[PDB]
Amino acid sequence: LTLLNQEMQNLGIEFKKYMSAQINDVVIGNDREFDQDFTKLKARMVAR
Amino acid sequence: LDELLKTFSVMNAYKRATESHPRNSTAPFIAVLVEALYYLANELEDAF
Amino acid sequence: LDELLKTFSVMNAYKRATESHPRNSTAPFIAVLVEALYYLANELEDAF
Amino acid sequence: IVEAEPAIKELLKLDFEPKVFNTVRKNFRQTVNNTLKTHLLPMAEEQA
């Protein structure tokens, strides 16, 4: 039972870490797909 | 020491600075140097 | 703005810097300025 | 009035191009990053 509780706490910590890593990857610009979408956004705006 | 220093990247230090300050998406240019110092010291300590 | 700036203390900024970097008991003198900027912005945002 | 169309077109170009360029190249990236990093993190904490 206590091992189950430990596992739940570790799971929560891991989820928080993963979400932070993804958001910061987007922020830094390492997310190539997001960069493609944003450059498409800018090009569409200028063309319009 | 030699390998880590010759492979140092400013972007990694800036990413560390952004992680250190969650409530802001931008880090001052000076934070690059601070995080570089701290990263160097921490990695060297782990190797030790 | 006026009250917070005229009551600013370097020691508070250094304390913030030390908090921001748990794995070290010393913060570079430059961290004072960075934490001052961030503290000013954050408090102003909360008031807003 | 149709005779004056080209001159007013050029005038609108001069007036608007700097506005759109400044806005798109300066603000939108930061706005998106800030909104994401300030909305997702608390949601991740509540999920944990």
# chains A, B, ... in the order shown; residues from 1 in each chain; ligands from 1
>>> calpha_fit_and_write(fixed="chain C", moving="chain B", output="tab-separated table (two decimals) with C-alpha atoms, in the first residue's frame")
chain	number	residue	atom	x	y	z
B	1	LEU	CA	6.25	52.68	-8.30
B	2	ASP	CA	7.78	55.63	-6.44
B	3	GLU	CA	7.46	54.07	-2.98
B	4	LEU	CA	8.75	50.64	-4.00
B	5	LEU	CA	11.74	52.10	-5.83
B	6	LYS	CA	12.70	54.54	-3.07
B	7	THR	CA	12.43	51.67	-0.55
B	8	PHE	CA	14.42	49.18	-2.64
B	9	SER	CA	17.18	47.32	-0.81
B	10	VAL	CA	20.11	45.44	-2.35
B	11	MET	CA	19.93	42.82	0.40
B	12	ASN	CA	16.39	41.82	-0.57
B	13	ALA	CA	17.49	41.32	-4.18
B	14	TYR	CA	20.46	39.23	-3.04
B	15	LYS	CA	18.13	37.16	-0.85
B	16	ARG	CA	15.89	36.59	-3.87
B	17	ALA	CA	18.92	35.52	-5.90
B	18	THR	CA	19.97	33.05	-3.20
B	19	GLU	CA	16.43	31.65	-3.12
B	20	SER	CA	16.43	31.30	-6.91
B	21	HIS	CA	19.59	29.12	-6.78
B	22	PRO	CA	19.19	26.66	-3.88
B	23	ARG	CA	22.33	24.60	-4.55
B	24	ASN	CA	24.70	27.51	-3.74
B	25	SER	CA	25.03	29.71	-0.66
B	26	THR	CA	26.62	32.58	-2.65
B	27	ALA	CA	25.18	34.65	-5.48
B	28	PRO	CA	27.25	36.78	-7.88
B	29	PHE	CA	27.03	40.52	-7.33
B	30	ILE	CA	25.36	40.83	-10.75
B	31	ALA	CA	22.41	38.71	-9.59
B	32	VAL	CA	21.37	41.67	-7.42
B	33	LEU	CA	20.41	43.71	-10.48
B	34	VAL	CA	18.57	40.84	-12.19
B	35	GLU	CA	16.48	40.02	-9.13
B	36	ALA	CA	15.80	43.73	-8.63
B	37	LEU	CA	14.37	43.96	-12.15
B	38	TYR	CA	12.26	40.83	-11.72
B	39	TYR	CA	10.97	41.85	-8.27
B	40	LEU	CA	9.96	45.29	-9.52
B	41	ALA	CA	8.11	43.85	-12.51
B	42	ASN	CA	6.36	41.14	-10.48
B	43	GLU	CA	5.15	43.45	-7.72
B	44	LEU	CA	3.93	46.01	-10.26
B	45	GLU	CA	2.03	43.25	-12.08
B	46	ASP	CA	0.36	42.11	-8.86
B	47	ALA	CA	-0.74	45.68	-8.11
B	48	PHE	CA	-2.09	45.97	-11.66
>>> select_by_dssp(residues="chain C", states="alpha helix (DSSP H)", output="count of residues only")
33
>>> residues_around(residues="residue 29 of chain D", least_positions_apart="6", cutoff="10 Å", atoms="only C-alpha atoms", output="compact mmCIF listing (two decimals) with N, CA and C atoms, in the first residue's frame")
# COMPACT_ATOMS: atom_id res chain seq x y z
N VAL A 27 9.02 27.47 -25.81
CA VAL A 27 9.47 28.84 -25.57
C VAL A 27 10.82 29.08 -26.22
N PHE A 38 4.26 29.11 -36.77
CA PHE A 38 4.36 30.54 -36.51
C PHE A 38 4.87 31.30 -37.73
N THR D 23 3.94 44.97 -34.83
CA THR D 23 3.12 44.10 -34.00
C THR D 23 3.49 42.64 -34.19
>>> interface_residues(of="chain D", to="chain A", cutoff="8 Å", atoms="only C-alpha atoms", output="JSON, numbers by chain")
{"D": [20, 21, 24, 33, 36, 37, 40, 41, 44, 45, 48]}
>>> closest_residue(among="A:21, A:44, A:32, A:37", to="chain B", atoms="only C-alpha atoms")
A:21
>>> closest_residue(among="A:39, A:34, A:22, A:47", to="chain B", atoms="only C-alpha atoms")
A:22
